[PDB]
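Asks:
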DNA sequence: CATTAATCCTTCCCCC
DNA sequence: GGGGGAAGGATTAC
Ligand SMILES: Nc1ncnc2c1ncn2[C@H]1C[C@H](O)[C@@H](COP(=O)(O)OP(=O)(O)OP(=O)(O)O)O1
Ligand SMILES: [Ca+2]
Ligand SMILES: [Ca+2]
Ligand SMILES: [Ca+2]
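Numbering (the authors' numbering), first residue to last: 1 to 341.
(1) Answer yes if the stretch 104-115 comes into contact with the stretch 197-209, meaning at least three C-beta pairs across the two stretches below 8 Å, and no otherwise.
(2) Just checking residue 156 against ligand 3 - is the residue's beta carbon closer than 7 Å to any of the ligand's heavy atoms?
(3) Enumerate, from N- to C-terminal direction, the unbroken beta strand (DSSP E) stretches of 3 or more residues contained entirely within the stretch 57-113.
(4) Say yes only if the C-beta of residue 341 is nearer than 7 Å to one or more non-hydrogen atoms of ligand 4, and no if none qualify.
(5) Would residue 178 and residue 213 be called neighbours here (beta carbons separated by less than 8 Å)?
(6) So what does DSSP say about residue 37, is it helix, strand or coil?
(7) Under a Cβ-count criterion, where at least 16 other Cβ atoms within 10 Å of its own Cβ denotes burial, should residue 150 be classed as buried or exposed?
(8) Ligand 2 heavy atoms versus the CB of residue 9: any closer than 7 Å?
(9) Which residues mark the beginning and the end of the alpha helix (DSSP H) in which residue 188 is found?
(10) Looking only at its chain, what residues have a beta carbon closer than 7 Å to the beta carbon of residue 102, apart from the 5 residues adjacent to it on each side?
(11) Check whether the Cβ of residue 106 sits closer than 7 Å to any heavy atom of ligand 2, and report yes or no.
(12) When burial is assigned at 16 or more other CB atoms within 10 Å of the CB, is residue 58 buried or exposed?
(13) If you reduce the DSSP assignment to three classes, tell me which class residue 204 lands in.
(14) Which first and last residues belong to the beta strand (DSSP E) in which residue 141 is found?
(15) Classify residue 334 as buried or exposed, calling it buried when 16 or more other Cβ atoms lie within 10 Å of its own Cβ.
(16) Do residue 146 and residue 235 come within 8 Å of each other at the CB atom, strictly closer than that value?
(17) Whole-angstrom Cβ separation of residue 286 and residue 264, contact assumed at under 8 Å?
(18) Return the residue from the list 204, 242, 232, 210 that minimises the CA-CA distance to residue 280.
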């Protein structure tokens with residue numbers, strides 16, 4: 001099997017560069033203003049200019065302006081990036097019909113039935129990069145190996161504007177010499193549980209009784225990590241349908257007053273129903289981020305799909321339920337819709 | 001300071 | 001005992 005993964009480079013910022021090319025060369029920071037005080041918010045992403053100086057995603061916009069007061073700061077326009085992403089995906093779609101659009105920025109391609117070895121793969125890689133560069137003026141990085149996970153890892157090593165092949169020989173070496181923390185799916189919390197069990201490389205998973213590993217990190221991750229270390233991992237590249245749509249907003253200020261929070265919530269619902277576009281959910285969840293950044297949520301599945309007015313009144317009850325069951329003030333409020341017909 | 005969504009886990013619950 | 005499905009939370013990653 002030959003898997004080709006494609007990840008677009010500093011994507012939102014690159015798109016903002018593409019739409020106003022003057023930005024090239026300057027440090028560009030795409031960020032999400034939360035409407036509280038001025039420059040309250042976080043960084044969605046930044047280009048490599050900004051990222052050289054520690055300005056990355058998640059950091060507050062205030063920390064970034066301390067570091068790079070004279071960088072260009074731009075509000076996020078996801079719908080634009082979304083439309084551009086769709087178009088790029090369609091190019092890739094003309095190199096295989098076996099394609100998993102994982103996210104706005106990433107896609108994997110099964111090209112087993114197209115090319116025949118890792119050289120031809122490399123060629124296919126360049127001519128795809130070359131294409132997206134021509135057609136859309138966007139830099140991507142390309143990673144190639146025998147499964148999805150190693151193809152993704154390949155790309156992470158290669159970025160930016162890279163291409164890399166991990167042939168069946170280097171996989172064997174990486175099972176031994178790659179940090180478990182650099183495996184897809186192993187966030188902080190998992191990585192620290194694996195150091196405690198004395199697992200710092202992929203191979204050390206074999207060392208331990210399955211049933212203990214299952215205890216610490218769950219069966220599914222255990223099996224995933226085990227299969228990976230045995231050169232046995234091989235999930236198929238499959239299309240994926242969106243299962244959930246929703247939206248959270250930040251309030252100008254924290255609150256527990258029902259009437260103060262309602263309008264934020266109703267706005268969240270309307271934006272959600274527009275985004276649904278002829279999709280009908282049987283389930284609704286109200287989510288709240290509390291003053292100290294804990295997350296609480298309350299849901300309901302219906303035997304039928306949900307009208308807009310039903311969502312309005314049902315959300316208010318669920319919000320009432322959240323307030324009655326947690327005494328903290330609420331910072332962000334929103335909805336998620338799911339279980340489409 | 002701190003701005004969408006998938007999948008997994010645990011706990012209930014109903015019931016053969 | 002165990003299937004099935006719902007709720008609420010935990011974790012990850014973009
Ligand atoms: N923490 C975040 N908050 C909001 N949006 C994010 C966050 N992280 C990533 N994104 C968005 C912005 C990115 O342009 C896009 C893909 O992220 P990702 O591929 O991880 O990095 P990147 O595309 O910014 O640069 P690169 O791929 O070169 O690291 O998703
Ligand atoms: Ca990515
Ligand atoms: Ca990227
Ligand atoms: Ca990781």
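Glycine included, every Cβ here is placed at the ideal spot set by N, Cα and C.
Replies: Reading it off the structure:
(1) Taking 8 Å as the limit for Cβ pairs, the verdict is that the stretch 104-115 does not touch the stretch 197-209.
(2) For the purposes of this step, residue 156 is taken as the residue at position 156 of the first chain. Residue 156 Cβ: outside cutoff for every heavy atom of ligand 3.
(3) Under the rule that a run must span 3 or more residues, the beta strand (DSSP E) segments found entirely inside the stretch 57-113 read 72-75, 99-101, 106-110.
(4) In the first chain, the residue the question calls residue 341 occupies position 341. Every heavy atom of ligand 4 is 7 Å or more from the Cβ of residue 341, so no.
(5) Position 178 of the first chain holds residue 178. Position 213 of the first chain holds residue 213. Residue 178 is not a Cβ neighbour of residue 213, given a cutoff of 8 Å.
(6) As a working mapping, residue 37 is identified with position 37 in the first chain. The answer is coil: DSSP assigns residue 37 none of H, G, I, E or B.
(7) Along the first chain, one-based indexing puts residue 150 at 150. By the neighbour-count rule (16 or more Cβ atoms within 10 Å), residue 150 is buried.
(8) Locating residue 9 in the first chain gives position 9, counting from the first residue. No, ligand 2 has no heavy atom inside 7 Å of this Cβ.
(9) Within the first chain, numbered from 1, the residue matching residue 188 stands at position 188. Segment 188-196, the alpha helix (DSSP H) holding residue 188.
(10) Residue mapping note: residue 102 aligns to position 102 of the first chain, counting from 1. Residues of the same chain with a CB within less than 7 Å of the CB of residue 102, apart from the 5 flanking positions on each side, are 108 in chain order.
(11) The sequence position of residue 106 within the first chain is 106, counting from 1. Residue 106 Cβ: within cutoff of ligand 2.
(12) Within the first chain, the letter at position 58 stands for residue 58. With fewer than 16 neighbouring CB atoms inside 10 Å of its own CB, residue 58 falls in the exposed class.
(13) Stepping through the first chain from its first residue, residue 204 is reached at position 204. If DSSP states are grouped into helix, strand and coil, residue 204 belongs with the helices.
(14) As a first step, residue 141 must be located in the first chain, where it is residue number 141. The continuous beta strand (DSSP E) containing residue 141 extends over residues 140-145.
(15) Within the first chain, the letter at position 334 stands for residue 334. Counting of Cβ neighbours within 10 angstroms places residue 334 among the buried residues, the total reaching 16 or more.
(16) For the purposes of this step, residue 235 is taken as the residue at position 235 of the first chain. For the purposes of this step, residue 146 is taken as the residue at position 146 of the first chain. No, the Cβ-Cβ distance between residue 235 and residue 146 is not below 8 Å.
(17) Residue numbering aside, residue 286 sits at position 286 when the first chain is read from its first letter. Residue numbering aside, residue 264 sits at position 264 when the first chain is read from its first letter. Between residue 286 and residue 264 the beta-carbon gap is near 12 Å, outside 8 Å, which marks them as no contact.
(18) Position 280 of the first chain holds residue 280. Closest by alpha carbon: 242.
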